[PDB]
Amino acid sequence: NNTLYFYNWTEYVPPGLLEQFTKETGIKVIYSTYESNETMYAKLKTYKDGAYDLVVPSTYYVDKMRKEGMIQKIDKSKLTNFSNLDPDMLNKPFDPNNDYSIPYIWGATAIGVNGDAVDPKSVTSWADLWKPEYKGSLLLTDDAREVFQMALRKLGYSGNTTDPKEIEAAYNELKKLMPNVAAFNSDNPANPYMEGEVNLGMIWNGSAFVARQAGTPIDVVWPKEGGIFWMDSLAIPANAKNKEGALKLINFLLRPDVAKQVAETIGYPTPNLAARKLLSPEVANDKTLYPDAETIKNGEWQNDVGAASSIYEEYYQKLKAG
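Just so you know, the sequence shown maps onto residues 3 to 324 in mature numbering (1 follows the signal peptide of the UniProt record, and there is no 0).
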C-alpha cells in the first residue's frame, strides 16, 4: 500500500523478515544490498537503484555523511522500542544523542581458520598471515579500513590513525602480504572457506557462525593484537520519499522478538538487550559472538578518521590493482 526503499549490507536480513514486516504494516519494501560503506557512499551520491528511505552505515561513516548533509534527523519519539538498546552503544561521540543513527547490529573481524585443514593453535596473531607458507591461500575481507587496521595493528599503531606516515608504513607492510592473498570478499566471506579454496584469513564473526551451522570446521581466533570491532547503524537519507515508513521499519527492527529471531539465524550480535535475554544459551554465550570484556579491551572499535579516509581509500585501491 506504501513502498519503502532499503539498502543494507548483504547477510543481515534473512529470508522471511521483510515479508513479516509487510504482513504487519502493509508496507512493501524494495530491498537492495551493498558490500561496503565505500560502495554505499558512491551510490547514494549518484543513484536510485540503491536505496532512498533506509541505509545502514558503520558508525565511522556517520559524521562524514551527516556533514555532507546526506542523512537527516530521526524522530526517536516515533521509535518506541528504542529503550531496548543497551546503553553502552549510545553515548558515542559521532552522534551523542542518537539523532542521526540507530544501533542495529555489531560484530567483529578476526582470523577464521579451516579446522580439518589447518591447526587453529598454529595461527595466533595477525602477524602470522605474513608467513611465506600461507602463499596463495588467504582470504581478506574487501574493506579498506579493516585491511589497514590488521596491518596497522601488526605494526603496533592504532587502526584509527590519522598519521599519513603510519598509514604509509601499513601500506608498505600490506605489500608484503600480496602473494598470500587468494581473495577479497565482503559479500559473505565464509563462503570461500566452505567452498574450500582458502585455508585461513579474515572472517566476520557472524558469517563463520552461519557456516559452522552448516558443518564447516571454521574456527575463530582472537588475534594477539586485537580483533576489529565495528557497528552498523540505521540512518535515513535526506532525500527519502517515505521517512514515515522508514521509522516504522526501524521500530520493527527494535522490537525484541524480531532482533532475537535474526541474531539466532545470522549470528551477528544485537545491541538490543531485551532481545539478548531471549537468545538461546548456545548463542548468547558463544564468546566469538558476545566476546568477554578482556577481549574487547584488547581489540579496537573502527572510528572516524576524517579527512584521512582519503589516504586509506586510495592506498587500498592501489593494493587491489597491485
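Cβ atoms here follow ideal geometry from the backbone N, Cα and C, with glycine treated the same way.
Where residue i falls: helix, strand or coil (DSSP)
i: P105; result: strand
i: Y9; result: strand
i: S85; result: helix
i: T143; result: coil
i: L291; result: coil
i: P239; result: strand
i: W224; result: coil
i: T111; result: strand
i: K30; result: strand
i: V15; result: coil
i: residue 356; result: Absent from the structure is residue 356, since the part of the chain shown begins at 3 and ends at 324.
i: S209; result: helix
i: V125; result: coil
i: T164; result: coil
i: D130; result: helix
i: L46; result: helix
i: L154; result: helix
i: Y159; result: coil
i: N3; result: coil
i: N174; result: helix
Endpoints, the alpha helix (DSSP H) within which residue i is located
i: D65; result: 61-70
i: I205; result: Premise fails: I205 lies in the beta strand (DSSP E), 202-206, not in any alpha helix (DSSP H).
i: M91; result: That residue, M91, is in no alpha helix (DSSP H); it is neither H nor E in DSSP.
i: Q74; result: No alpha helix (DSSP H) contains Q74, which DSSP labels as neither H nor E.
i: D118; result: First-last for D118: undefined, no H or E at that position.
i: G247; result: 245-256
i: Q215; result: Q215 -> no alpha helix (DSSP H), and no H or E assigned at all.
i: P194; result: 192-197
i: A323; result: 311-323
Strand pairing of residue i, partner residues [DSSP]
i: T35; result: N10
i: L56; result: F8
i: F23; result: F23 pairs with nothing; no bridge assigned.
i: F231; result: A110, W303
Residue range of the beta strand (DSSP E) that includes residue i
i: residue 362; result: No answer is possible for residue 362: the residues shown for the chain start at 3 and end at 324.
Cβ of residue i within 7 Å of any chain B Cβ
i: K262; result: Checking the listed chains, one finds no chain B in this structure; it contains a single protein chain.
With a cut-off of 8 Å, do at least 3 Cβ pairs link the region 270-283 to the region 106-114?
Contact holds: three or more Cβ-Cβ distances are below 8 Å.
Is the region 221-238 close to the region 52-61, with three or more CB pairs under 8 Å?
Contact between the region 221-238 and the region 52-61 is present, because at least three Cβ pairs lie under 8 Å.
Can at least three beta-carbon pairs, one atom from the region 272-292 and one from the region 75-88, be found at a separation below 8 Å?
yes
Quick check: the region 124-134 against the region 214-227, are there 3 or more CB pairs under 8 Å?
yes
Determine, using beta-carbon pairs with one atom in the region 246-256 and one in the region 68-83, whether at least three such pairs fall under 8 Å.
yes
Closer than 8 Å is the cut-off here; do at least three beta carbon pairs connect the region 139-157 with the region 313-324?
These segments touch.
So within the region 260-304, which uninterrupted alpha helix (DSSP H) runs reach at least 4 residues, ignoring any that extend past its ends?
283-286, 295-300
Is there contact here, the region 170-182 with the region 149-158, by at least three beta-carbon pairs under 8 Å?
yes
Between the region 158-174 and the region 214-222, do three or more beta carbon pairs fall short of 8 Å?
no
Whether or not the region 41-49 and the region 283-299 are in contact is what I'm after, with contact meaning three or more pairs of Cβ atoms, one per stretch, closer than 8 Å; do they touch?
no
How about the region 31-38 and the region 197-213: do they share at least three Cβ pairs that are nearer than 8 Å?
no
Stretch-stretch touch, CB-based, cutoff 8 Å, three pairs: the region 115-123 with the region 240-250:
no
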